[PDB]
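Have a look at the structure below before the remarks.
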Amino acid sequence: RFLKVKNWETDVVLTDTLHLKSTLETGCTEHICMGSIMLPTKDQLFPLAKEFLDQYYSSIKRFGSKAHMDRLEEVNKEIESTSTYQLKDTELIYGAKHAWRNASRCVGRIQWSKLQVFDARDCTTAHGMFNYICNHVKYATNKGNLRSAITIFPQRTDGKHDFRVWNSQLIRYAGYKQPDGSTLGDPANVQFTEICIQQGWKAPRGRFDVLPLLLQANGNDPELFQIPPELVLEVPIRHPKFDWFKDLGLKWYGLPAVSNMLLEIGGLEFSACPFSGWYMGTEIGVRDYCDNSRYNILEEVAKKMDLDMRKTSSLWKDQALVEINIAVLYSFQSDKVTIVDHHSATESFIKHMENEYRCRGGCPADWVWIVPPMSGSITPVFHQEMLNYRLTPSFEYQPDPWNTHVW
Amino acid sequence: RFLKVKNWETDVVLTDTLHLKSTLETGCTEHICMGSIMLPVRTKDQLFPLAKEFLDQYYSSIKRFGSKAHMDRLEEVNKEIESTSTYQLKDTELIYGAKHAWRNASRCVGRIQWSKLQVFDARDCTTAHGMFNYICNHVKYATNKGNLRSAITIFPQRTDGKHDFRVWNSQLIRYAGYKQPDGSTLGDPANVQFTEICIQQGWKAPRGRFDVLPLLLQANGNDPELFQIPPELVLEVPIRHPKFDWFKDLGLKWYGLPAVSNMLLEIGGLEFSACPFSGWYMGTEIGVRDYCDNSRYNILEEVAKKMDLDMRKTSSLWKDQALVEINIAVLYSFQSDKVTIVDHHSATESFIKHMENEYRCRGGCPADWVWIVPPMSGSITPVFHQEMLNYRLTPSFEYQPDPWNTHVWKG
Ligand code: HEM
Ligand code: HEM
Ligand SMILES: C[C@H](O)[C@H](O)[C@H]1CNc2nc(N)[nH]c(=O)c2N1
Ligand SMILES: C[C@H](O)[C@H](O)[C@H]1CNc2nc(N)[nH]c(=O)c2N1
Ligand SMILES: CN(CCC[C@H](N)C(=O)O)C(=N)NO
Ligand SMILES: CN(CCC[C@H](N)C(=O)O)C(=N)NO
Ligand SMILES: [Zn+2]
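Those protein sequences? They're chains A and B, same order as listed.
Taking our numbering, the leading residue of the first sequence gets 6, the next gets one more, and so forth.
Taking our numbering, the leading residue of the second sequence gets 16, the next gets one more, and so forth.
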């Protein structure tokens, strides 16, 4: 019931009690660990509501006060009457900050309490969604001095009037299969791009075409919009030592903004809740650039560095990887766009874990996602035992809308 | 039930049925994953089903399930258990058992090799000197002048828990660590406590940065005894770099034979508390962990100093740069001296092939992603992208408490 986690580099042992407040299921059993798997009515709603208001009122030191009991009554009244209920602005902000706080795959949670919440629950159309999103984009980007933000569209009702951003992130690049057989641009977005084209988008068929937004309001058929090019801050990639690096013609965008997740607060479901912070360097330079099913540039880069690519044991892939990652960090820092390196981010997360342990009784963390995709063991998180469990409010995966939508 | 795992790089999907045969616990529950936790005297009653399960597995593997030889062996084992409270494995079963413990070892990336294991039967051993002799022969055999061969040596099983055979060393070959009065450490900080025990037992310490530790060997529950492995049997590799000529002046070397000696081998309910085994190194074990962990030799600074990297900010990736150069050095050195070693690309790629074959032929391959993914360059290896299922099959290798914590000293 009381659980210990040990850091094997420092011997510091922490005690976790927060896991006893765990709501949802992990995917694991006593027989099988699924730690590495990517994706493992009125009566339902009141305990969920209660559980949430209880933690809310506890957080503002007013547990069992008049205002607390009155609110539970009011919400109780409203559920019984309307089958759903509405959050106060205060609850909405608390809920969103806590969904981030509870995100076990997020290394950047030291920042959790500095989140700008944009309430877009008064939104009714796709043009309105586009407006809200442009405003979020400009606010978060802040001319390169990035600020964390979330924009929250209206909650699910009967489930046939869902708000959804069909895009996986607000800003991503198009993917195109060619007669050649190869892939131009980002192979991860080939399918979404096809959906855009069949919906009407004139694709310029280039390597780094910022995708348009495909926005769905009120369960209606989704609609296309180009984000003002002037609002999409992009960074050309160069190297502080390699003159040739720029000739690869690589760029990335400054704003990482996940737009396909579902925010659950007090049982209510917010199916459109795009949020953004800022990049850790490895996300772009290791994953986006070097994954075999992504831009897959290691082969080209190693060539230009004239490494011996005959045998895997020369560590040529490893050498190029480091340089590509040096260039990403340098390019962002030179253009004054917020970015964090994996050493600094993981050092912060360890400090955050210690704060959460002493102030909250723990910190759900998924080691598989928290450890950076390069240089794992030279970052402190590699050596830190973590317990993974699901707390609410939460960000959840949800099915991609094209498989769900009834046109 | 059928469980699917996906590779997110290739979209190849595999189906696991093998997990249905898993008995032991993971530490995880429906409410908590303990997948990153390092560490999450049997009755007659508990012993017979364990023996039965094992013997059924053994007889199935040789295509003799339900045969007269199978049934006679169950009855013979049953009788032996009721009469003596334990039983003895036939040589054939011991070999099968030891190979399957390796096959089942979910944290081992080298399992493509599982069917090629030389098993040395040391169950006739009675004394610490006997153990020393067995271990010397294991080292010489496995080393093979640099052309490493996988091996395990199996000492007598647990009886009453008061007569255990144990190798107190965590690996047969390791370097001493010494805590200085000024709080710094000479040698390997991981081995300070064990080095202190050795000294107290009467080892005369040379007190340098790479002193091969003596063996501390416990036979039949007696107090352990010290022995020095003959130096001519300990193959070592001076570390140098293919392009950086100052690298040799760091004074680094490592030993060629990685030989885990502190684990417990479970076969058919029987417990083999001393079962040292060895394969060969994957380069990152030495170049990433042994050299660059902060709590190990911790050489990152000195290497980066010598490379003249910008060290004023982490975001130069200086640590990452030094790290790669050190790992190139380790692979180059071992290759140049004709000592078996495998790089993390080759080893992970082979593991994925192994894993896919096991799914097809066996119905699964339990694997601990946290341990399988190498400690540098994670996602440019195919294992990072492979979903895995972790579960516990027997025969198995298990952790056991350190013997200095449990031993009853006789004096
Ligand atoms: C402030 C800067 C932030 C940093 C440096 C950061 C860091 C990261 C990183 C590196 C990942 C892994 C991404 C991947 O591999 O695909 C991640 C995942 C995640 N983060 Fe953050 N984060 C930040 C802000 C935020 C914010 C503002 C939120 C929500 C308000 C958030 C919630 C999440 C969630 C839910 C995931 C998992 C997403 C998934 O499963 O795909 N993070 N974080
Ligand atoms: C043949 C070459 C082999 C290679 C390249 C290899 C590779 C590895 C590596 C890199 C690890 C992780 C080590 C660490 O981080 O401490 C490991 C773990 C392990 N391997 Fe192997 N292995 C090999 C042979 C063997 C053999 C012969 C056995 C036993 C018969 C074995 C059983 C295990 C076990 C039980 C672990 C887990 C150790 C622990 O939990 O501390 N392996 N393997
Ligand atoms: C199969 C495995 O779970 C998968 O590759 C994970 C591993 N760790 C990860 N870690 C992060 N941060 N992001 C990812 O997409 C992944 N992918
Ligand atoms: C806390 C964490 O489980 C621990 O540091 C693990 C991570 N993965 C590992 N993987 C291997 N191969 N060896 C290790 O010692 C570790 N250490
Ligand atoms: C969640 N993450 C954004 C994910 C972006 C993605 N990994 C990418 O590398 O493009 C993040 N840094 N939060 O803002
Ligand atoms: C288990 N592993 C050996 C472990 C050795 C350890 N990583 C070391 O570097 O000393 C191995 N390759 N087996 O042969
Ligand atoms: Zn688990």
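Think of the CB as a built atom: it goes at the ideal place given N, C-alpha and C, for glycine as much as any other residue.
- In the DSSP assignment, B:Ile169 falls within the unbroken beta strand (DSSP E) covering 166-169.
- Taken in chain order, the unbroken stretches of alpha helix (DSSP H) that lie wholly in the segment 99-172 of chain A and span 4 residues or more are 131-146.
- Distance from the CA of B:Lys425 to the CA of B:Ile367, rounded to the nearest whole angstrom, comes to 49 Å.
- For the segment 177-211 of chain B, the set of positions with a beta-carbon nearer than 7 Å to some beta-carbon of chain A is empty.
- In this structure B:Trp295 is not in contact with B:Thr363, their Cβ atoms being roughly 15 Å apart against a cut-off of 8 Å.
- Taking 8 Å as the upper bound for CB-CB distance, A:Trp206 and A:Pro406 are not in contact here, some 16 Å apart.
- Ligand 6 never approaches B:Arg327 closely enough for any of its heavy atoms to be under 8 Å from the residue's Cβ.
- Not a single CB atom of chain A sits nearer than 9 Å to the CB of B:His369.
- Taken through DSSP and simplified to helix, strand or coil, A:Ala262 comes out as strand.
- For the beta strand (DSSP E) assignment, the uninterrupted runs of no fewer than 3 residues enclosed by the segment 173-243 of chain B are, from N- to C-terminal side, 192-194, 200-202, 230-233, 240-242.
- Below the 9 Å Cβ cutoff, chain B contributes no neighbours of A:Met285, its closest Cβ being approximately 11 Å away.
- For A:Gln116, the shortest separation between its Cβ and any heavy atom of ligand 1 lies below 8 Å.
- With its beta carbon less than 9 Å from one in chain B, A:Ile37 belongs to the interface.
- The criterion of a C-beta distance shorter than 9 Å is satisfied by A:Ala104 and A:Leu268.
- Beta-bridge analysis with DSSP links A:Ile270 to A:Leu273.
- As computed with DSSP, B:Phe292 is found in a beta bridge with B:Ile167, B:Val275.
- Inclusion of B:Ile52 and A:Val10 in the CB contact set at 9 Å is warranted, their separation being smaller than that value.
- Between the segment 210-230 of chain A and the segment 120-139 of chain A, the count of C-beta pairs closer than 8 Å reaches three or more; the two stretches touch.
- In this structure B:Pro221 is not in contact with B:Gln243, their Cβ atoms being roughly 11 Å apart against a cut-off of 8 Å.
- Under the Cβ criterion of 9 Å, A:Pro378 is counted among the residues facing chain B.
- Proximity of the beta carbon of B:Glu211 to ligand 4 is not indicated: no heavy atom of the ligand is located closer than 8 Å.
- Distances taken from the Cβ of A:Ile42 to the heavy atoms of ligand 1 include none shorter than 8 Å.
- Segment contact: the segment 94-106 of chain B against the segment 312-324 of chain B, fewer than three CB-CB distances shorter than 8 Å; contact not assigned.
- Taking a C-beta distance under 9 Å as the contact criterion, B:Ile169 and B:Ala274 do not qualify as a contact pair.
- A direct Cα-Cα distance of roughly 38 Å separates B:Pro245 from B:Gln336.
- By the 16-neighbour rule on beta-carbons within 10 angstroms, B:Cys376 is exposed.
- If you draw a 10 Å sphere on the C-beta of B:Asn206, you find 16 or more other C-beta atoms in it, and that means buried.
- Annotation: the continuous beta strand (DSSP E) that includes A:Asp21 extends over 18-21.
- The beta carbon of B:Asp383 sits closer than 9 Å to some beta carbon of chain A.
- When only Cα atoms are considered, A:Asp214 and A:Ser336 end up about 20 Å apart.
- Relative to ligand 2, the beta carbon of B:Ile301 is positioned no closer than 8 Å to any heavy atom.
- Membership of A:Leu334 in the alpha helix (DSSP H) is indicated by the continuous run 321-339.
- Under the three-state reduction of DSSP, B:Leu62 is assigned to helix.
- DSSP places B:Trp424 in the coil class of the three-state scheme, outside both helix and strand.
- The C-beta separation of A:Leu8 from A:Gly366 comes to about 10 Å, leaving the pair out of contact by the 8 Å criterion.
- Within the same chain, Cβ atoms closer than 6 Å to the Cβ of B:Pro257 are found at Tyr347, the five residues on either side in sequence being excluded.
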